[PDB]
Amino acid sequence: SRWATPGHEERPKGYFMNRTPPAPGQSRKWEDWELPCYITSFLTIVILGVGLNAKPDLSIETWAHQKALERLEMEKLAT
Amino acid sequence: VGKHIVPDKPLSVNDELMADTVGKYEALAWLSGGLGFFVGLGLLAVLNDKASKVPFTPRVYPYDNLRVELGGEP
Amino acid sequence: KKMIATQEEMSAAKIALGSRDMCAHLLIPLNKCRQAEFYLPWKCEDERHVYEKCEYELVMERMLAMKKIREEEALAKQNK
Amino acid sequence: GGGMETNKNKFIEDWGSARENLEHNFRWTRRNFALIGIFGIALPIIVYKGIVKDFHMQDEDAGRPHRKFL
Amino acid sequence: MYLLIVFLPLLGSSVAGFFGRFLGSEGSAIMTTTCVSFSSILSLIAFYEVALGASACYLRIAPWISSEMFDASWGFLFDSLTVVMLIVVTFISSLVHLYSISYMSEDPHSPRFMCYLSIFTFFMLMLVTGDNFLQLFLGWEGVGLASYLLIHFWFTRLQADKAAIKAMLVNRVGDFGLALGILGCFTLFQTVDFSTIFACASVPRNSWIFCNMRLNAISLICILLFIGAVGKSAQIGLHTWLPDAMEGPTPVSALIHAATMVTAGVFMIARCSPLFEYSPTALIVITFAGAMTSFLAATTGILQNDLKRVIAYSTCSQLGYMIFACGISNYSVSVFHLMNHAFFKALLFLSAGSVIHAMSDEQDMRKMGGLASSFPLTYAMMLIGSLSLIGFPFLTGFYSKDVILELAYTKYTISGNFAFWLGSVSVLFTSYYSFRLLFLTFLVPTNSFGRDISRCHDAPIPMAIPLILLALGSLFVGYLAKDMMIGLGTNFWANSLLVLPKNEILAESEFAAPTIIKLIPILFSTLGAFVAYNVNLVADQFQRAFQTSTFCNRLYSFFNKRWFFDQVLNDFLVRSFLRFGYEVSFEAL
Amino acid sequence: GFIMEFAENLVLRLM
Amino acid sequence: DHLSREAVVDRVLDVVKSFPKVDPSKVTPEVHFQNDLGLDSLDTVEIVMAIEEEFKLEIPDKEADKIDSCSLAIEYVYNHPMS
Amino acid sequence: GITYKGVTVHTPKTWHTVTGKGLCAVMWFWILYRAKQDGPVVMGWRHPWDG
Amino acid sequence: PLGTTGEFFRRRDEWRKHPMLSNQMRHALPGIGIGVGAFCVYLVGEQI
Amino acid sequence: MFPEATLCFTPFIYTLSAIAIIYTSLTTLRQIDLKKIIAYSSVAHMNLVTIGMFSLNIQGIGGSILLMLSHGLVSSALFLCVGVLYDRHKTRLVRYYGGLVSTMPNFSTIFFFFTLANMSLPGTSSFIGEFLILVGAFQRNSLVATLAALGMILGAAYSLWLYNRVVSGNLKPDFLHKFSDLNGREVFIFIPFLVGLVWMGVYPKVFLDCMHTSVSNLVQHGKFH
Amino acid sequence: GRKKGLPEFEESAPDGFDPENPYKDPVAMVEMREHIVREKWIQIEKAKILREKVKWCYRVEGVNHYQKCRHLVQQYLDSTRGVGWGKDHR
Amino acid sequence: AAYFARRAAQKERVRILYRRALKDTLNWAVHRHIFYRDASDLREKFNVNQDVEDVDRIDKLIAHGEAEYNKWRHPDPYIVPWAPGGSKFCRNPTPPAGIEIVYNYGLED
Amino acid sequence: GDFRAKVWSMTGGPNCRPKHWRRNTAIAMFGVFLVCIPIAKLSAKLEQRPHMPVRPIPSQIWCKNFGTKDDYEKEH
Ligand SMILES: CCCCCCCCCCCC(=O)SCCNC(=O)CCNC(=O)[C@H](O)C(C)(C)COP(=O)(O)O
């Protein structure tokens, strides 16, 4: 019967982040910190996710890897 | 669950942290005897010298005991 | 009992190093059949029997060899 | 009944405040002398001698003289 | 498809954990069971592809920790050993999820439980599939964490919290050992990659300075790794957490502490055999430890009164047989026995869970009895599991246990002799406690409460299905897989396991052993069954001694209280550190 | 045009 | 479900009726054991242990020593939620 | 179920009894068949290649 | 159950003589009959 | 600046740091104040950092820097958790709390995550630095690495004990009976800490790639071979 | 602004450094330190390339790896002795 | 009075000692039929001394009987699963009463 | 119990019986399948099979990395 008869919780128990819902038809009023923090978070995501994948790879490992390949080639082909 | 006891006497210094019929050093002695059983069995196996009564010669692989196949000089 | 399987054949058949003994020329067909038959135990019965007889004979020869050495340990003891 | 603040228990607070003021109880006893001598002086010296020897054993394993320290 | 195997249980756990409020018990039961079952199906396909098809799979996602030579990566390795462990883990996990659907049906918090089961499954998969030591360490710690979370699932119970903390701390002592071993591996080889290390392991001969001592580097590394194995497989040093882990719900005991996670040490020794083969000293240490553990757990289990306790001490003894099989250089046999134990021990834990559920959560065998007719199916499942465990001829446990005992007999060394003796006597002890459990639970005149008998019921279908499948496995899997895994000269393992020629003893064990040696397991098992029958049915005064003799009473206590191992450790070690923390470090300094 | 090529050029400008 | 006072009364009086010294004619739900039934207080301890087995309860030793009558045992068993 | 002086014992489900009987019967038959097929080999009377 | 105490406790245990709670050793080897009969039929069949 | 003195004093630094890790971890074990437990934990972590940096190789210095950053995230988050508890209940004594999982499950989950991070659980940011420092130390001195790896056992002990005494068990309504889980501001505050911990834990390459040249030149400074 | 492409450095050790007295040309001393660091990274990258060969020979050759990987194993283990800043000095 | 209370306190000690000895007799016997004889024998120990009138001797016998219980006590006694120390104890307890959950805490206003 | 009905959790708390749990379960299953598609594609791209299988296998349909590591001397 637990699989054929629907549950009884019309609405869940508790309120997400313990805030009571707004009056019917109304919207929750945003606290003053919300918009600046959300815009900062969006800009952080955009800046890191684009600039980190867009900046040139200048790591010493990458430069030395290409240098190592060509030295093993120059020494293998020649004797 | 039922009703947590609320202290009515001064707590001791070591109360944050506070095996019934055997003693402490007695339990240590019984456990030491138990481990001495294993020690005695090991010494008995030494005295047995089972390695000296093996009923077959050691195996001998071909190709110089698989010298090259085991990473030796070709 | 002389070695029949060459090194090349044993490497091509990918024999575990510990099964590169005098009986490997029979292990090769047995492992081919075992792979073809999904290693079912009621399968490959002739190949397996032949290979196991070979291995048993190897062990028996090493047992007789050890029987000879152990009867010279006594010779040394009774002559000392 | 009223408030999220915890209802203080006098013995629990006495225990906590006694924990916060232990330095007023130190008395330079025989037990304290032994505990400070063993754990405050001897054991650090033993650990230091262990670390140094480890380097010296590496030094002699590499065919090198003992590295001077401190 | 190979990534799906690893990450499907993670997806299921994530949906049950983050969105369980939208699915409830039923949704979360379905979501988690489906995802693990699909992973199990893909695991079977991978077994067909990799082991039967002889086509290993290698998958590298990204670097994890790259610092100069240090090369830990998110990489997956699928060879024969890997797919064998995959089948074991995914199949047992699917069955346990299905069983839990009905076993936890009245529990208030089933979605969290299912999420924890799935996260454990994911971490175990990460463990067995890693291609380097660091991913393996991640799996090691993850299964430790999931085990801790499941042991104290009933968070209000003080016994469960203590048991979970104890399990985490013992496992951390092993993880210490394992991490030191990994550091040594990197220092010697300049890598943590399994393939590179195994390709190089035969070359190094250098000595190392470890704690002001000059030791062989390979031997030091192998012993340090074995310390982590000792932790995870509850061997002699670090064994006491396993019996207390019974505080968790029965499905956790079946899946985590009997089939998959408790065997991680055996798996790691088998996977690192190309390294362990060049440390004879470490192999001797392993041989001794496994043997001692089998005897310890066997002697402790014969006086336990709780069903789950008896079955946990059984697991510990069986893990000892598997460790010394590895120590005598027979890894294929140890992995075969691991796969075989995962069927019978899971059948035994789930059957015991069915009995406990039917008896209103009574777990004491002294308040049971006369239950064979009331629970026919459960009694039959327990019989089959017990017969397979004791090594009854031609059942699943018969094909690996006696081969290990014959191989120990054939190891003509001091530690080989030690292991042969201890395993032989442990066979008698395990037969005794298995038949004692059967007799006390089902066959003696009933010692139970009327209110328990009058409220009994056998397994609901989501519980009986896994029991049937595990009974079939415990009957046929041994015979069916024997030639593939340990058949003379088999190539099934390919390059996953390494036995050096000088250590090969399987032919001499099948051919040079006196016929008697092969029968001592049946003879000891028969004697143990007979002694159990006499003690638990025709003894009316072999209990006066424990009430009138001081020496017999202390021995009864010695063995019932696990050799006083927990008492001694807590009294001399845990209390010592706890007292230092307040009296020296804080108050004197 | 493409986001990333512009982003490449902008990052190069800033360096 | 809970057990009805009646069921408790019946099964407690059945337990007391099985005692050999007790004659199964003067056991009411209000008889006292050392006054009406002619029993020593060790017999009372045995009867309390029998009631304990009969309902699967674990009475604390302080409370078990207080039960000295059929009525006392009846009220303890019906008020216990796990009977 | 059958009630005997207070205690009532419920008869098990028929398919449960049948499944237990049949799986054990299968196990007993499997043991007998395996013993006949490869018991002289474990006893050591003969060898698998004998013939 | 000779003493008054043991006699009382044996009297209370009368329900333990329940028909299907007792003599359970006869139920210890379920299918031993069907399995043996099937083996016999198979053996006879193998004769032909 | 003083590579020769740095070499001469290396055993001294190793000894001081190893003593600090063991003794301070054991003192942590016996603390009864939330903030006192989190504060003592930082002493053990920073002395591990010193062992790493005085190992004078890539693993050591890289791990020291990574653990510095990871500690800066993790200890800050832990202080934030304790502050969430103190703002409501105004007590730091562990004995008053207990059973909070049943009234503050969101706080309990976040607190558990940062508790795991403080134990250097693989997958978290602190494990990367911890293990890289152990790698760096082992290559120089196996004893110091062995004493420093004891932290894995002691830090687990106190972290799990704290978490289970605060969150697990039953409520004690005679001390606390009124509760509130995290509001939106507190959840948002925790989000970047979680993201950073996981990000460094699973893909520390973004950080290590920007640091290797500087770390390498620091390691080489004073020598020319 | 920076041009697109991989970083460029001088192939050669700086002319102006005296190994006898390295604290004599400070600019040359700094340049020599950076050059040595770059050279050390080239040796690390060489040992990493040789490790990929061993990894794949083990994987491809299976049980024949002992005889097939022998030269690659020797090369890798020789490159790893005195690599970077680990357990070997120069 | 005082001699009545002092004799009454002794009676309680004997009744509780007997209860615990009897429950432990079942832990060591397991089967019902062995319990019958063991319980009969324990009851005979108490009955032999049932008729003593000297009060100091009663105290000495009580102390001896408690010491005997504490030595020959079964190491792993049976406990009903929901009783304290039981396997089911404090599993899924009913929540305590008097718990309030507050909404809209920590607002900027 | 009584107060737990006012306590919000992600896993739903005790005895969670959402009214639309079937439709929610179906939506979760569709989400897991959609998430699994890219994982399967990436796995097929990343798999490396140095050895041809003895018989044809399902991975040969989607994975084209069979017998590619033969020249391990050129690995980098
Ligand atoms: C495994 C455990 C070991 C076994 C433990 C062995 C215990 C020792 C057995 C003997 C102990 C004693 O003599 S214990 C003391 C002996 N008895 C006395 O106190 C004097 C008698 N007077 C009385 O008060 C009552 O007759 C009384 C009998 C109490 C009835 O109480 P009621 O007036 O309420 O019916």
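Keep in mind that the numbers below use all heavy atoms, side chains included, and drop hydrogens, waters and symmetry copies. Throughout, a chain's letter reflects where its sequence line sits, starting with A, and its residues are numbered from 1.
Around the NZ atom of C:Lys1, the shell of radius 6.0 Å holds more than 12 heavy atoms that belong to other residues, nucleotides or ligands. Other residues, nucleotides and ligands contribute over 12 non-hydrogen atoms within 6.0 Å of the NZ atom of B:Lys53. Around the NE2 atom of M:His76, the shell of radius 6.0 Å holds no more than 12 heavy atoms that belong to other residues, nucleotides or ligands.
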Discussion item. Would E:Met485 and E:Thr490 count as a side-chain contact (heavy atoms from CB on, under 4.5 Å) here? Give the steps.
Written reply: CA-CA 7 Å; E:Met485 291 195 179; E:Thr490 188; over 6 Å; no
Worksheet item: Going through the distances and angles, do B:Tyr63 and C:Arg20 end up as a side-chain contact (heavy atoms from CB on, under 4.5 Å)?
Response: CA-CA 10 Å; B:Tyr63 302 107; C:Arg20 300 188 174 183; over 6 Å; no
Fill in: Stepwise side-chain contact (heavy atoms from CB on, under 4.5 Å) check, K:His65 with K:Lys68
CA-CA 5 Å; K:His65 78 83; K:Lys68 299 296 183 181; 5.7 Å; no
Discussion item. Show, in sequence, the C-alpha distance, side-chain angles and deciding distance for C:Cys33 and C:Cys44, and conclude whether the disulfide bond (SG atoms under 2.5 Å apart) test is met.
Written reply: CA-CA 6 Å; C:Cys33 178; C:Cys44 303; 2.1 Å; yes
Discussion item. Apply salt bridge (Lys or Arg N to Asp or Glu O under 4.0 Å) to residues B:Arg59 and E:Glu508 and explain how you reach the verdict.
Written reply: CA-CA 10 Å; B:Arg59 291 186 171 189; E:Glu508 308 98 310; 2.7 Å; yes
Fill in: side-chain contact (heavy atoms from CB on, under 4.5 Å) between E:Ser195 and K:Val54, intermediate numbers included
CA-CA 8 Å; E:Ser195 320; K:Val54 173; over 6 Å; no
Practice prompt. Begin with the C-alpha distance, continue with both residues' side-chain angles, and end with the deciding distance and a verdict on salt bridge (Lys or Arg N to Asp or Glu O under 4.0 Å) for K:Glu52 and K:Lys48.
Written response: CA-CA 7 Å; K:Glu52 226 56 41; K:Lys48 305 236 307 300; over 6 Å; no
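The shortest side-chain heavy-atom distance between A:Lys76 and A:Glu73 does not fall under the 4.5 Å cut-off. Side-chain contact check for E:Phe267 versus E:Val128: some heavy-atom pair is nearer than 4.5 Å. Contact check for E:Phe492 versus E:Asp483: no side-chain heavy atoms found under the 4.5 Å cut-off. When side chains are defined from C-beta on, E:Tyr412 does not count as touching B:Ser52, because their heavy atoms never get closer than 4.5 Å. Within the 4.5 Å cutoff, no side-chain heavy atoms of E:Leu224 are placed close to those of E:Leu178. By the 4.5 Å heavy-atom criterion applied to side chains, C:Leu17 and B:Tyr61 are not counted as neighbours. Using a 4.5 Å heavy-atom threshold, the side chains of E:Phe226 and E:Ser279 count as separate. Residues C:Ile69 and C:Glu72 have side chains not in contact (no heavy-atom distance under 4.5 Å, counting atoms from C-beta outward).
The two residues E:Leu215 and E:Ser207 come nearest to each other via the heavy atoms O-OG, 2.8 Å. For the pair C:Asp21 and C:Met3, the tightest heavy-atom approach, listed with the atom from each and the gap, is O-CE, 3.3 Å. Listed here is the closest heavy atom pair of E:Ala54 and M:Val54: CB-CG1, 4.5 Å. Nearest approach of E:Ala51 to E:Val83, heavy atoms of both residues: CB-CG2, 3.7 Å. Considering all non-hydrogen atoms of both residues, E:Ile221 and E:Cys185 come closest at CG2-SG, 3.5 Å. Of all non-hydrogen atoms in K:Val73 and E:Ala199, the two that sit nearest each other are CG2-O, 3.4 Å.
Checked by atom type, the side-chain pair E:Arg271/E:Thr82 shows a donor-acceptor distance below 3.5 Å. Of the N and O atoms on the side chains of C:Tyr39 and C:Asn31, not one donor lies less than 3.5 Å from an acceptor on the other residue. Looking only at atom types and distance, the side chain of E:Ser55 has no donor-acceptor partner in the side chain of E:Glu49 under 3.5 Å away. Remark: the E:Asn417 side chain and the B:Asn48 side chain contain an N/O donor-acceptor pair separated by less than 3.5 Å. A side-chain donor-acceptor contact under 3.5 Å links E:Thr191 and E:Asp71. Checking K:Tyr66 against K:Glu61 by side-chain atom types alone, no donor-acceptor pair falls below 3.5 Å. Side-chain atoms of E:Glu277 and E:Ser329 form a donor-acceptor pair, as typed in the model, at a separation below 3.5 Å. At a cut-off of 3.5 Å, with distance as the only test, no side-chain donor of E:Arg60 or E:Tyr58 sits close to an acceptor on the other residue. For the 3.5 Å distance criterion, the side chains of C:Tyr51 and C:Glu55 qualify, holding a donor opposite an acceptor.
Between E:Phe288 and E:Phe418, the ring-plane angle classifies as tilted under the 30° and 60° cut-offs. By the 30° and 60° cut-offs, the orientation of the rings of E:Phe324 relative to E:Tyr321 is tilted.
Both cation-pi conditions hold for B:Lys50 and E:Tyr409: the charged atom is under 6.0 angstrom from the six-membered ring centre and inside a 45 degree cone around its axis. Figure legend: M:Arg55 and C:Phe38 shown as a cation-pi pair, the cationic atom lying under 6.0 angstrom from the six-membered ring centre and within 45 degrees of its axis.
Once rounded to the nearest 0.5 Å, the distance linking CD1 of E:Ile323 with OG of E:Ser334 reads 8.0 Å. Distance check, rounded to the nearest 0.5 Å: OG1 of M:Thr68 to CG of M:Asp70 gives 8.0 Å. Once rounded to the nearest 0.5 Å, the distance linking CZ of K:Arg51 with CE of E:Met69 reads 4.0 Å. A distance of 6.5 Å separates CG of E:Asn330 from CG of E:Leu506, quoted to the nearest 0.5 Å. With values rounded to the nearest 0.5 angstrom, K:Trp56 atom CH2 is found 4.5 Å from M:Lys69 atom NZ. In this structure, CH2 on E:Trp208 lies 10.0 Å from CG on E:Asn216, to the nearest 0.5 angstrom.
For E:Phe78 and E:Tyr2, the gap between ring centers is short of 6.0 Å. Ring to ring, E:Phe336 and E:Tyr399 are not that close: their centroids are 6.0 angstrom or more apart. For E:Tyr331 and E:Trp493, the gap between ring centers reaches or exceeds 6.0 Å. For E:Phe194 and E:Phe133, the distance between ring centers is under 6.0 angstrom.
By the disulfide (SG to SG under 2.5 Å) test, C:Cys23 pairs with C:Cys54, sequence neighbours left out. A search for side chain to side chain donor-acceptor pair (under 3.5 Å) contacts involving E:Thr287 returns nothing, not counting sequence neighbours.
By the 4.0 Å N-to-carboxylate-O rule, C:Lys77 lies too far from C:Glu73 to be salt-bridged with it.
In summary, of the residues considered (C:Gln35, C:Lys14, C:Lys32), a side chain to side chain contact (heavy atoms under 4.5 Å, CB included) with E:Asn491 occurs for C:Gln35 alone.
For the pair K:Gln75 (side chain) and K:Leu50 (backbone), a donor-acceptor distance under 3.5 Å is absent.
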